[PDB]
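K.L.:
Fold the following.
(one chain, ligands or ions: 1)
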Amino acid sequence: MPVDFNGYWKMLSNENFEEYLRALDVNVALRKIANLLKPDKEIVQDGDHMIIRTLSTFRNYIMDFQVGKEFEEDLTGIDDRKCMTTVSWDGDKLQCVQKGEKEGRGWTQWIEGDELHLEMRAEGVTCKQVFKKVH
Ligand SMILES: CC1=C(/C=C/C(C)=C/C=C/C(C)=C/CO)C(C)(C)CCC1
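P.N.:
Numbering: from 1, shown residues only. Below is the structure:
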C-alpha cells in the first residue's frame with residue numbers, strides 16, 4: 001500500500017553525513033556546512049508521481065520523478081554527478097538505486113507516525129536523517 005507523504009517535514013537529527021559526502025569525494029568546507037544545515041523536506045505525492053523539495057538557506061535541492069521510471073538525476077550541490085535513478089514502492093518504504101560511478105549508491109525513505117526516516121548510501125556508507133511532519 002503506497003504511504004501518503006503529502007506535507008512539510010522539519011529535521012529532528014542528521015547522523016553520518018560528513019562520512020557519506022567524503023565517500024562521494026566532497027571538500028571539507030561543504031562537508032562541515034551541509035552537516036551543520038538542518039533542511040525542511042516538502043513532499044508532494046500523487047500515486048507514483050513525486051516532487052521531494054529539500055529546502056535550505058545555502059541551496060534548495062528538488063527531485064521531480066515518477067516511481068517506476070529510470071530518470072537523469074544531476075546531484076547539483078551534493079557532488080554534481082549524473083545518475084540513472086530508478087525509485088520503486090515497497091508499501092511503507094520508498095526504495096531508490098542511483099546508477100553511475102559509486103558502489104551500492106541509493107536511498108530508502110519511510111513514515112513512522114509523524115516522522116520521515118531517510119537512509120542515504122554511497123560506497124556502502126549510510127547517512128541517517130529524521131524529519132517531523134508540521135504542515
Ligand atoms: C549539498 C547540500 C545539501 C544536500 C542535500 C541532499 C543530500 C539531499 C538529498 C535528498 C534526497 C535523498 C531526496 C529524495 O528522497 C542540503 C540541501 C541539505 C544543504 C545545502 C548543501
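K.L.:
Does anything pack onto the host helix or strand of residue 18? Which helices or strands?
P.N.:
Using DSSP states H and E, residue 18 sits within helix 17-23. Packing partners of helix 17-23 (3 or more Cβ pairs under 8 Å, 6 or more residues apart in numbering; DSSP states H and E): helix 28-36, strand 115-122, strand 125-133. No exception for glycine: its C-beta is placed from N, CA and C like everyone else's.
K.L.:
now the helix or strand following the first one, how far from the chain's geometric center?
P.N.:
Going down the chain from helix 28-36, the next helix or strand is strand 40-46, by DSSP H and E. Chain-centre distance of strand 40-46: 11 Å, with Cα atoms, centre = their mean, to the nearest Å.
K.L.:
coming back round to it: for residue 85, which of the helices and strands packed on helix 17-23 is the nearest?
P.N.:
For these, the distance to residue 85 is smallest for strand 115-122, at 12.5 Å, taking Cβ to Cβ.
K.L.:
just to revisit the earlier point, in PDB, list the C-alpha atoms belonging to the helix holding residue 18.
P.N.:
C-alpha atoms of helix 17-23 as PDB (Å, rounded to 0.1, in the frame of the first residue of the first chain):
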ATOM      1  CA  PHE A  17      26.500  12.900   6.700                       C
ATOM      2  CA  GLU A  18      30.200  14.000   6.600                       C
ATOM      3  CA  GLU A  19      31.300  10.300   6.100                       C
ATOM      4  CA  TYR A  20      28.600   9.900   3.200                       C
ATOM      5  CA  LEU A  21      29.900  13.200   1.500                       C
ATOM      6  CA  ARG A  22      33.600  12.000   2.000                       C
ATOM      7  CA  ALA A  23      32.600   8.700   0.300                       C
END
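K.L.:
mind listing what's buried in that helix?
P.N.:
17-18, 20-21, 23 (16 or more other Cβ atoms under 10 Å).
K.L.:
what do you get for stretch 27-38?
P.N.:
30-31, 34-35.
K.L.:
which of the residues you listed are close to the ligand?
P.N.:
Filtering the buried residues of stretch 27-38 for proximity to the ligand by Cβ under 6 Å from any ligand atom leaves residue 34.
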